[PDB]
Amino acid sequence: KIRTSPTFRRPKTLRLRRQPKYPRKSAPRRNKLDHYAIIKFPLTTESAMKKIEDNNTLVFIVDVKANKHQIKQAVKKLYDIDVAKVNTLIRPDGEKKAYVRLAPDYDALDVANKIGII
Amino acid sequence: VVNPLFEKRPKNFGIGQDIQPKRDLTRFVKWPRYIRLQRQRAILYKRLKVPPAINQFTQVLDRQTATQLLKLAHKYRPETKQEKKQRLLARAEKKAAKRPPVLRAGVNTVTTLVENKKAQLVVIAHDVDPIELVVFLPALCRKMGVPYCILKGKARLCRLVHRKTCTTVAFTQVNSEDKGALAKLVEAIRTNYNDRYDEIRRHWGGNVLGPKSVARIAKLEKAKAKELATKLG
RNA sequence: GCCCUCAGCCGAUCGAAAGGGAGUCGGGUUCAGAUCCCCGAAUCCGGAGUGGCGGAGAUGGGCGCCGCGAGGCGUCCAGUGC
RNA sequence: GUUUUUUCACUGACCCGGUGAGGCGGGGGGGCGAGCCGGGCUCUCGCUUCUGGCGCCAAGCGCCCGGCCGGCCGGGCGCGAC
C-alpha cells in the first residue's frame, strides 16, 4: 500500500447508533388537531346557500393551521361523503374558510339537511 | 500457439509527451500540523548543542543484555491482581479451619533507598517525558556506589509491573538460587557506566547538520584539493 | 455491517413581490370575487413496486431430405436500424 | 585558557513568495563528445517546434493461486520513477 496524491485528508471513522438509557419525556405529546378541532361550524350566509343548491358544494370554517389534505378526510370521516376539491382563503377577521365541492352520486341540499344548515 | 493480433504499445513519459504516471509522493505531501511539529522536535536535538547531562540518555544498553536482564526480573515480578484473591483468602482457610524478593516501582521509592544503602543494581528508562524528573539521578548513583544502566523503553519497563509506563525499577533483594547471575551483570554494567562516568561528563551532543549542507561544504573542500594537487606535482 | 478502490475544489448561510427562472387560454356568472367560481378546450414536472397495452431492437443468408410448385425438415454462421 | 573586538562565512529561531505542498539534494545506470595505452581518470547531456488534430482510467514480460472434464473460466505481486 503506497502514496499517490500530495494531500492529506482525514480518514473515515465509525459512528454508532444512539441507544438511550432513559426515554427523555415519559410519553409521546398528544395530537390536538383531531377531526373535531379541525372543522369548526358550517357557514350559512345568503352567499353560502347560493353555493349548495346551485353548484352542489358546502362551506366550512376551519382551524387556521389546517392543510387541505388534512381537511379533506375530516369531511370524509364524520358525515360520510366523498370529495372532489377543497379551496381555501383566510378572512380580514382572521379565520380559515374552506369551499368544499362534492361528488355527483352524492347530493348537496340533501346532506345539508342531515347536519342542520338550512 | 500465439496470436499475431496482439500489439505491445509503450508510453513515453518524457517531458511533454504522455501524461505522467501515478506515483510515490510521500516526500512532498502537505502534512497536518500535529505531525509537522513532532518530526521537527527530533531535528532540534541533532543541530542544537545538547549539553552533557541530558546527553547521556542516548547512551543505552544493547540487544544481548536487554533480553537477558528481563529474564532474571521475570522470576522476581510482583504478583498479579488475581493472586490477591487467593492470598488474602488463604489466611481465612488455615486460621478459620518475610516477603519474597520483588521490585521497587517509581522515582520517589528509588531515590531514597539508593542513598539509604540497601540496593544492589539500579535501572533507568530513556524517553523520560518532562525530562526534569530524572536529570539529578545518574550523578547521585555515581558517588554512592550503586551502578546505573539505561534501557530503551519506558513503556516496556512498566510492563514488568502492570501499568502503562515507569521510569526507574531497583533491586534490594535476590534469592540464593540467583546470586551468581546478579553478581555477573553488575560487572558488565559498572566498568562502562561508573568507571567511564567521567568520560560521560565531557561528551556534548549537537552541532551536526542535515546533509543538505554536508554535501555542499564537502563539495567545496575538494575545491581546495585539486588546486593543491595540480600546482605541486 | 465492514473492506477494496473511485471523488479536485474553494468555502456555512443570506441578499431581487421591476434581473435569471418549465407549464392557461376562451364563453358565461355576482350588489360586492374571478387567467382563481362553473361549461368547454388544452398541457408542464414529479411517480410507477406487479413497470398497463402497441410499436422499435427483429427477424435474415447459404446447402441438404421430400413436394408438379407455394412450403415443410433438420444442421451451421450473420443481425445495438435505415 | 578567559575575555576586548574587526571582517567573511554558516541555519536551527524568526520573515517573505509559490503550489491540488507532483519529480529537490547525494550515488548508480546508458547515449554525444574531450584527452592518455578491452582499461579507468575529468566532464557535456538523459529523447517533445514544421499544420488553429489526437493523448487519462497499461499492452508486453515474469512468478504463483482456486473452479469444470491436456483444454474451458476467474483473482494476486512485480516492469514502467533505478
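Right, A:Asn56: more than 14 Å from chain B (Cβ to nearest Cβ), away from RNA strand D (no atom under 16 Å from the Cβ), within 20 Å of A:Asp110 (Cα to Cα) and out of contact with any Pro (no Cβ under 6 Å at 6 or more places or on another chain) or not?
On the way: more than 14 Å from chain B (Cβ to nearest Cβ): yes; away from RNA strand D (no atom under 16 Å from the Cβ): yes; within 20 Å of A:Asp110 (Cα to Cα): yes; out of contact with any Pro (no Cβ under 6 Å at 6 or more places or on another chain): yes.
When the stated conditions are applied, A:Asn56 passes them.
Name, by its number, the condition in (1) in contact with a strand residue (DSSP E or B) (Cβ under 8 Å, 6 or more places away or on another chain); (2) within 14 Å of another protein chain (Cβ to nearest Cβ); (3) of a type outside the set (D, E, K, R) that does not hold for A:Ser5.
(1)
What number of residues in segment B:8-62 are of a type in the set (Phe, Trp, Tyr), in a loop (DSSP other than H, G, I, E, B) and within 14 Å of chain A (Cβ to nearest Cβ)? Can you show your working first?
Initially, segment B:8-62 is screened for residues of a type in the set (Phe, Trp, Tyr), giving B:13, B:28, B:31, B:34, B:45, B:57.
Filter once more, keeping what is in a loop (DSSP other than H, G, I, E, B): B:13, B:31.
Right, trim to within 14 Å of chain A (Cβ to nearest Cβ) and you get B:31.
Selection size over segment B:8-62: 1.
Run down B:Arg39, B:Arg33 and say which single residue is within 16 Å of RNA strand C (Cβ to nearest atom) and either among the basic types (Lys, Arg) or within 25 Å of B:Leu209 (Cα to Cα) (or both). Spell out how you get there, then give the answer.
Working: B:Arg39 fails: within 16 Å of RNA strand C (Cβ to nearest atom).
Selected residue: B:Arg33, the only one of B:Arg39, B:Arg33 that is within 16 Å of RNA strand C (Cβ to nearest atom) and either among the basic types (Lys, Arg) or within 25 Å of B:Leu209 (Cα to Cα) (or both).
Conditions (1) within 26 Å of B:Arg156 (Cβ to Cβ); (2) loosely packed, with under 10 Cβ neighbours inside 10 Å; (3) not β-branched (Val, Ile, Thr), marked per residue:
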position	(1), (2), (3)
B:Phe6	no, yes, yes
B:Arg9	no, yes, yes
B:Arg41	yes, yes, yes
B:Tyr45	yes, no, yes
B:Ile54	yes, no, no
B:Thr58	yes, no, no
B:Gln64	yes, yes, yes
B:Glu79	yes, no, yes
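Residue-by-condition table, conditions (1) surrounded by 10 or more Cβ atoms within 10 Å (Cβ to Cβ); (2) within 22 Å of A:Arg91 (Cα to Cα):
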{"residue": "A:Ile2", "(1), (2)": "no, no"}
{"residue": "A:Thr7", "(1), (2)": "no, no"}
{"residue": "A:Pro11", "(1), (2)": "no, no"}
{"residue": "A:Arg17", "(1), (2)": "no, no"}
{"residue": "A:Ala27", "(1), (2)": "no, no"}
{"residue": "A:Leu33", "(1), (2)": "yes, yes"}
{"residue": "A:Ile38", "(1), (2)": "yes, yes"}
{"residue": "A:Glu46", "(1), (2)": "no, yes"}
{"residue": "A:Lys51", "(1), (2)": "yes, yes"}
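Tell me yes or no: at least one residue of segment B:175-190 is surrounded by 10 or more Cβ atoms within 10 Å (Cβ to Cβ) and within 16 Å of RNA strand D (Cβ to nearest atom). So that I can check it myself, show each step before the final result.
Taking segment B:175-190 as the starting set, the residues that turn out to be surrounded by 10 or more Cβ atoms within 10 Å (Cβ to Cβ) are B:175, B:178-179, B:181-186, B:188-190.
Now drop any that are not within 16 Å of RNA strand D (Cβ to nearest atom), which leaves none.
Within segment B:175-190 (the criterion being surrounded by 10 or more Cβ atoms within 10 Å (Cβ to Cβ) and within 16 Å of RNA strand D (Cβ to nearest atom)), the answer is no, since none of the residues qualifies.
Spot the failing condition for B:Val214; the list is (1) under 27 Å from B:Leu70 (Cβ atoms); (2) assigned to a helix (DSSP H, G or I), and only one is missed.
Against the list (1) under 27 Å from B:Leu70 (Cβ atoms); (2) assigned to a helix (DSSP H, G or I), B:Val214 comes up short only on (1).
Take the residues in segment B:191-211 that are within 16 Å of RNA strand D (Cβ to nearest atom) and assigned to a helix (DSSP H, G or I); name whichever of them is surrounded by the most Cβ atoms within 10 Å (Cβ to Cβ).
Restricting to residues being within 16 Å of RNA strand D (Cβ to nearest atom) and assigned to a helix (DSSP H, G or I), the top hit is B:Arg201.
Every residue, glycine as well, gets a Cβ built from its backbone with ideal geometry; the counts of neighbours run over all protein chains shown. Where a number appears in this text, it was derived from the coordinates with a stated rule and is not lab data.
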